[PDB]
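Novice: Here is the input, now give the coordinates:
(5 chains, ligands or ions: 6)
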Amino acid sequence: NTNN
Amino acid sequence: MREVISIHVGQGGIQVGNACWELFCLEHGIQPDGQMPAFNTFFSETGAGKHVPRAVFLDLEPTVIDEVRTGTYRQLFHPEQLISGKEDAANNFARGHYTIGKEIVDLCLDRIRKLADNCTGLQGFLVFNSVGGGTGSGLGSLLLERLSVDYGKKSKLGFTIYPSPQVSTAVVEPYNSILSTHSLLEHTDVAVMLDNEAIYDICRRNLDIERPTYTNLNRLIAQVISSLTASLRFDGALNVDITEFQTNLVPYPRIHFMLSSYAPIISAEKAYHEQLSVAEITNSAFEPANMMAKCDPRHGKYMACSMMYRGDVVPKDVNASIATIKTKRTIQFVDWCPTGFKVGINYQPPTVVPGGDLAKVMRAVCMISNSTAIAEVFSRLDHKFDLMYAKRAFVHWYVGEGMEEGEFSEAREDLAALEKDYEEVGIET
Amino acid sequence: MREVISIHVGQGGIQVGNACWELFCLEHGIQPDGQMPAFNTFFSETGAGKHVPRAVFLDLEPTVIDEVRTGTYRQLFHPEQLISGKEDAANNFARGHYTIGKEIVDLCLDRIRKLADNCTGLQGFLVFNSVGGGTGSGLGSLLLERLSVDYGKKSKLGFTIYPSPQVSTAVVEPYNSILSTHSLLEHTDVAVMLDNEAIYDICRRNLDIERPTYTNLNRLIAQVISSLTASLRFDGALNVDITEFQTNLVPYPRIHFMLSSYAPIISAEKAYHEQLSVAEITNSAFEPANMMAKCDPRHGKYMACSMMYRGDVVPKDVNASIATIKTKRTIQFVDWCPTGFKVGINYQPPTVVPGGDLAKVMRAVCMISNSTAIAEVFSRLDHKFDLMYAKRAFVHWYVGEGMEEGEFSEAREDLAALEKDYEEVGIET
Amino acid sequence: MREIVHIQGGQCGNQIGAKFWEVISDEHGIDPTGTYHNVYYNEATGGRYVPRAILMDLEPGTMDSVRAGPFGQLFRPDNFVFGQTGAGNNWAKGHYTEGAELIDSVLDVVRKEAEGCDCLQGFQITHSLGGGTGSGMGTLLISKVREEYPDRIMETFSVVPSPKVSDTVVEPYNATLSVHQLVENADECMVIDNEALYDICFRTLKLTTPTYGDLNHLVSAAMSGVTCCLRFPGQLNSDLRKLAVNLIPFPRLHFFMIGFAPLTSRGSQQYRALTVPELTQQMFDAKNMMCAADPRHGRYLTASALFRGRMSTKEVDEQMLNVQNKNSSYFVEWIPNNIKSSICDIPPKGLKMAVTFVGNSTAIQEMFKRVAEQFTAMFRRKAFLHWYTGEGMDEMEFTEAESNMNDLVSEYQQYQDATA
Amino acid sequence: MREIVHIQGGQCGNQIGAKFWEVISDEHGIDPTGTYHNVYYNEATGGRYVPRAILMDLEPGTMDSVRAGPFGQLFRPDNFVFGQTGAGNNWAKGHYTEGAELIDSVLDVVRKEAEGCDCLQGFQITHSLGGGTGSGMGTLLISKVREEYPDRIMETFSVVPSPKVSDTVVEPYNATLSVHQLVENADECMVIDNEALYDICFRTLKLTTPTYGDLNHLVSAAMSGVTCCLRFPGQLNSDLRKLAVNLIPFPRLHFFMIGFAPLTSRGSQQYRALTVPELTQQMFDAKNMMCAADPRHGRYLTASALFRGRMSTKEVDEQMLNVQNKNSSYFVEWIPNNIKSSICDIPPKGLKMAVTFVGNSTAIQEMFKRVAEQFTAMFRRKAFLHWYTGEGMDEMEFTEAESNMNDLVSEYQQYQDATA
Ligand SMILES: Nc1nc2c(ncn2[C@@H]2O[C@H](COP(=O)(O)OP(=O)(O)OP(=O)(O)O)[C@@H](O)[C@H]2O)c(=O)[nH]1
Ligand SMILES: Nc1nc2c(ncn2[C@@H]2O[C@H](COP(=O)(O)OP(=O)(O)OP(=O)(O)O)[C@@H](O)[C@H]2O)c(=O)[nH]1
Ligand SMILES: Nc1nc2c(ncn2[C@@H]2O[C@H](COP(=O)(O)OP(=O)(O)O)[C@@H](O)[C@H]2O)c(=O)[nH]1
Ligand SMILES: Nc1nc2c(ncn2[C@@H]2O[C@H](COP(=O)(O)OP(=O)(O)O)[C@@H](O)[C@H]2O)c(=O)[nH]1
Ligand SMILES: [Mg+2]
Ligand SMILES: [Mg+2]
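Specialist: Numbering: from 1, shown residues only, chains lettered A, B, ... in the order given. Ligands and ions are numbered 1, 2, ... in the order given. Now the structure:
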């Protein structure tokens, strides 16, 4: 995902 | 010159109806388009070309009726037998019995009347209602009462998905189940208690599928329905017309709650190593473990037992097997019914569902048992009711929809008065 | 029309049963595929081609049952007649007779009932269980009690593997052997004591193989069992049913612990060399070197001898040889049994299992004997019991499983009484 | 046909709303321009879709906030109502004098929005309970709309103040004054507190620098899962009302707890094959819920679980039975079978299995107990009370609010301790 | 099916357990990535395998080890429950003061891992006896879990220090403290020392510099060969309870000695046979065991022999009977046939046979004696006591602990004197  | 009318109210009803119409269409050679590449009992020709089914599909959540409106059978049902409202039942009886259905019953009854106007040899009705829910409970009981005050003499069966004994699918179930049972006491002549707990067990053990789903459940329910209706539908050396059950299995006017069973529900392998004659098939049919409902018939008496055989069956073995099964001492009947057996024969072997877990076999039996052990189920269910009515839990969601509160009391007590019958009839003369 | 049930409980029981079923499939000419290219006694035809064997396999450890489910015979047996538990027996009798024994024995009784209903002229039961084991004693005794209270008149003949007086494969054999002996004393009509040591010196003196393995032992026991059941299986000049045995060799309903013997037992190196005459084969059958139980028959006095001949057999020289044996001073019967020999003849030689260290030969004698010297075994075995119950060794492992502590005493006491009778018979009048 | 308007309020409510709308656009395959690639969105000329939401706040900062973030052009300017001052962390400045002159206008933008639907299933609110703007305006609006449409239900996706890690000094007054009114005209007060969110994002994903975007995204996922079983077909369908019926036994024990599953980091992502019992063990763990209240310290009055994806319903029901039966102490006796299930048919974006757990449980009275503790400690000295009593508020309403709070917690305790 | 859990605490426990997981992975054919090239492993997505194990310590330095040594990517990232202070060689720091704070989290992980089983056959733990982390936390965990799962049984491979090798100067204290309750609620205490391993790798394998690597490898291979007969088909199968009857005559006389066979160096490996006679001559001596207690100065109450490979049961049986009735004096006479054998069908990786010799003897009682010796000379003067009582632990306990030891050793000597 777009965690970081 | 002989046919039925099936109603599938609520959420479970439409599911089992989807599976059952699948099975019927794929038995009679009727394509999912309604065109052919016996059906007078279920389908009807629109003058030429395509078949249309005899059914009505009610619900209030537009979800399932839409899913079947654009599923695989989008072009089979007449678009006027799919009645969906706007709001939802929300598991409270009064929502589908006083406010919402208050006018939807008008359209439903007008459509049922227009259907019956076309039927020529109508025998009875086959409703389908998961009483644990809201709409199948409330609207179902309202429709039952409306039909019983409208037509009358026509028989009225039913296939209710009661709440399981142990596993939980809702919390307000003992309310809208007791209300439906009290409103179903007299208008319905035949109640066939189905419970998703025993069939999960079966699918786990006999069908060897460890991770079952309502799809397989409903496949099996459709198989039971078809094995029961094969008498009317196709030929048989000894046929029964559903008005048979209305008089063989209803001794006293109030008590008619029975349980069903089927055999042999066996996988491919577990039947490949099996002779599987009438003897074993009927000695397994009586087995309390694989009953569709959930109870312990070994702890109660039997009162009446219908058995419809289908497939290439030899009658001598039927007679001898019923003799030896009445010989047993663990299975005993009540004093007031010595001839506690009913049989029927149909020459149509069971049809397999293409892509179904059930295995193909020549001989099959379907058993409809009016027993007296199922009594305890009500008690157990009634038990739950008390543990909720002791503090008037969840009652405001019911009194808010016009339902008079006292109703609960009446039902809860009057259903308990039903016990006065059961625990009496289990006593010999 | 006439047949036998085959039960295999425990570890050694199931391995020797695997060997026995290999031999049975081989003799009649049945392939491990179930398809074949007399079997009514053992097999049952599955309507079209395949055959299911009358058998149940009880063991609470999955390992051996998993092996047979994934061995070379995965296709033959019915997928339900392989009943496996989930935990070991751990050689403490109470584990397989009180705690978990209550869990699976009901399933065994269900399966046995469903397997016997599909039979007509069932005669007996042939259970197979080492007594030294945990489940071979606990579960075996529980099953035997269930069958006794269930059927009754049906004969029952176990084939138990009693521990050798010298060789030891466990350290708690006395306990869970005394317990199962006291249980089986009144249930199984004919218990043939099959030891596990004397077979080693047998296969070292006759087959001349120095390092034998359990599989050879099981093949030899399978040969004995087939030589026994050949009468009901096949035809012959003197058919002797199974209900014959418990009629000839049970003088008093309590003393029935018989020891067996088999001949000819010879590998190929001297097969063509030695002549193997009927006289010499029945002479080798009686020499105390090759009795399966570790006993010197000369110590006591015989009480009954059933000799079953199969193959090419000439009755005149048979009677002459039996007469010579009766005149031998090394062997003698008790006074009160003048007619000591019962004889049966068949019309079929043995068959050879590819890999079986035995050799093919036209004639075979299996001789079972109810004798007196076997008593001493119990004595010496009982010996060990003292040197354990004098210090309550290992007792807490039993008392922790529900079994009453002092119960041992009773069992021990009872065996003493058994020994009592084994001296009340050897005395003259 | 069962539509849902999405009213917001305050800066936190507005940020949560923007995050939720962009996540829903992700699920329903919309792009940040509103083109495909009726329950939530509305059709608009040229195949465009616009969310059915209004956005209210006193300070125009949140306006530029919801403009800056992606998917900010989905909304319509007719639903951007905004004051000028900002209540600046003062409750009464968003409930009596300054907030009032906005709510009227907001009523208009609701009345030409609700009737736009034909069968409205109910509202849903997203705001804070401590900030003056969000709390005050949302409370007044709940009042007005419950007066208007009493038949529909109004979920309040509320974020209660961080109990121990406080960022402002006037939380307890605002929280108490707001809850006193929320307990009347609300139906689903699902509480969230940043303590539990930081706990989860630290000790369950080992993340580096948790900003408010990640917490908003997580609450967004939970919010979506709450009603996705309605948005889509399923083997056993539910809605916003079946939940209410199966979750509250009395008209004021309607304060919930929220939990999401599954949640792991790359290290743990490599391991732990995905299967329903693992999901159950993850959802029914204590620290895996949006509320800083160890649920073991109370009993579960009732709890529903919505699954998303394809599975075996027998496994779902059997796991539910096993978990309600083995830990019978933590569950309540006088009600049987107190767990509820539902199953959808379309899981989230690339997530084969997803569980959303909503539970009415008496283990959350501790939160109100400690908030009222802070309140009564700061009120015995009349501290920071002039800021309120200068704006028409009296000192009796505070005592009424605290007494109502204590009556609510006493109801929880009393009908937790009951038996049969 | 008959699955087993793995707890490994303390420095030595963790080292030996890592080596044991290495040997098992090389036996089941599992490369360090968790692929093939339920008794011990669990399945995971993509056919990956997770070892069922929990690693605990009060100082996370051991993390380095379990991440540096081979097979470090196998374990679960949630199964590393680590402290921060470190018990620092003191028992109190790991059983009353600090270990009493993470032992609950270890219990939670144990519950989350055991419920995933369907038939839990038993427990096995590995730890030191003086190591504060190891002894303290392991003993506390044993206490808790046996108070939790009374049906299941624990088989701990604790590694006692023998005084012939000097490691630390406070061992006797922690040793006796852990023994006070290790004889209480543990059913198979297979003791291991270091002097035995040094003597082995010097005068039995001719190794040059006996290093911890090969010592741990040997003890881990023995640990595997102990229970292997359940991991595969066998002719006379066993489990962790068929030993729990054949080898525990009394609920406390359960202290086991371990021996492995065969053991030789390269040249010796070339020029010798591998048969029942040679393996038997190799295993019944004194210096093929892992206990610095000369067994020929005592007796064996019972002795199990788990063979591995393939052979003729008559051969091993006659060899057992012969070695018994020739060593009639060194065996106990008041019990009959005190020996047991058990044969599997699959030899280990590398050879064609294997022999694990487990013994419930009456010789290792003397071991306790010598340890008790030091105890008195460290208690009569109350030496080094100002590190224990200063952590809540009441001194009185110590006294009665020693008393308990007496009973234990007394029993052994008493049973060495029994006749018939
Ligand atoms: N045999 C079978 N039972 C089902 C199925 N789906 C649901 N059920 C059962 O029906 C009950 C669910 O209640 P619902 O019927 O959905 O409630 P409702 O009356 O329809 O009210 P609304 O959802 O608002 O329409 C549960 O007891 C289910 O176990 C199915 O597909 N097959
Ligand atoms: N004749 C013969 N005896 C065997 C064989 N295998 C094992 N035995 C005997 O089995 C006895 C060991 O006890 P078990 O039968 O294994 O114990 P159990 O009751 O089956 O249950 P478990 O403890 O789980 O094995 C020993 O006396 C063996 O001699 C075999 O293949 N042939
Ligand atoms: N998850 C989340 N919590 C917030 C956010 N903003 C504020 N909070 C917390 O909510 C409380 C104040 O709410 P706030 O929105 O600043 O008050 P408002 O200006 O009246 O709307 C404080 O405890 C903040 O820490 C946000 O953007 N996301
Ligand atoms: N066979 C072996 N024993 C060890 C090893 N390391 C330590 N031991 C023993 O373990 C004893 C104490 O246990 P330990 O776990 O090291 O203490 P702690 O970790 O500080 O609590 C030490 O006195 C050592 O004798 C090793 O690598 N191999
Ligand atoms: Mg429904
Ligand atoms: Mg066994």
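Novice: And the strands in the chain, which stretches?
Specialist: Here I'm looking at chain B. B:3-8, B:43-45, B:51-53, B:55-59, B:82-84, B:122-129, B:155-160, B:191-193, B:257-263, B:302-310, B:342-346, B:364-371 (DSSP state E).
Novice: nope, chain D
Specialist: D:3-4, D:6-8, D:41-44, D:48-51, D:53-57, D:80-82, D:120-128, D:153-159, D:188-192, D:255-256, D:258-261, D:300-309, D:339-343, D:353-361.
Novice: Would you check that residue D:5 makes contact with residue D:114?
Specialist: Yes. If you go by C-beta atoms under 8 Å, residue D:5 and residue D:114 touch, sitting 6.3 Å apart. Bear in mind the C-beta positions are built from the backbone N, C-alpha and C, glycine included.
Novice: Against residue E:20, how distant is the most centrally placed residue in chain D?
Specialist: Geometric centre of chain D, nearest residue: residue D:157, 1.9 Å, by C-alpha atoms, centre = their mean. Distance, residue D:157 to residue E:20, by C-beta to C-beta, to the nearest Å: 51 Å.
Novice: can you check residue B:262 too?
Specialist: As judged by C-beta to C-beta, residue B:262 and residue E:20 stand 53 Å apart.
Novice: Any figure for the gap between the nearest residue to the residue nearest to the centre of chain D once chain neighbours are set aside and chain E?
Specialist: Of all residues not flanking residue D:157 in the chain, residue D:126 sits nearest, at 4.8 Å (C-beta to C-beta, 6 or more residues apart in numbering or on different chains). Counting by C-beta to the nearest C-beta, to the nearest Å, the gap between residue D:126 and chain E amounts to 33 Å.
Novice: which residues sit in contact with residue D:126?
Specialist: Residues near residue D:126 by C-beta atoms under 8 Å, 6 or more residues apart in numbering or on different chains: D:6-9, D:13-14, D:16-17, D:20, D:157.
Novice: the helices in the stretch 101-250 of chain B, which residues?
Specialist: B:101-118, B:135-150, B:173-183, B:196-205, B:214-233, B:245-248 (DSSP state H, counting those that start in this stretch).
Novice: list the helices and strands the fifth one packs on?
Specialist: This means helix B:214-233. strand B:3-8, helix B:10-27, helix B:196-205, strand B:257-263, strand B:302-310, strand B:342-346, strand B:364-371 (3 or more C-beta pairs under 8 Å, 6 or more residues apart in numbering or on different chains; DSSP states H and E).
Novice: can you check the second one too?
Specialist: Counting by 3+ C-beta pairs under 8 Å, 6+ apart, the packing neighbours recorded for helix B:135-150 are helix B:10-27, strand B:55-59, helix B:101-118, strand B:122-129, strand B:155-160, helix B:173-183.
Novice: again, only this time at 6 Å
Specialist: Applying 3 or more C-beta pairs under 6 Å, 6 or more residues apart in numbering or on different chains; DSSP states H and E, we find helix B:135-150 packed against helix B:10-27, helix B:101-118, helix B:173-183.
Novice: Can you name the residues in contact with that helix?
Specialist: Identification of contacts with helix B:135-150 by C-beta atoms under 6 Å, 6 or more residues apart in numbering or on different chains yields B:9-10, B:13, B:60, B:89, B:93, B:96-97, B:101, B:105, B:109, B:129-131, B:176, B:180, B:183-184, B:187-188.
Novice: The same query, at a cut-off of 7 Å, please.
Specialist: Contacting residues not belonging to helix B:135-150 are listed as B:7, B:9-13, B:58-60, B:89, B:93-97, B:101, B:105, B:108-109, B:125, B:127, B:129-131, B:156, B:176-177, B:179-180, B:183-184, B:187-188 [C-beta atoms under 7 Å, 6 or more residues apart in numbering or on different chains].
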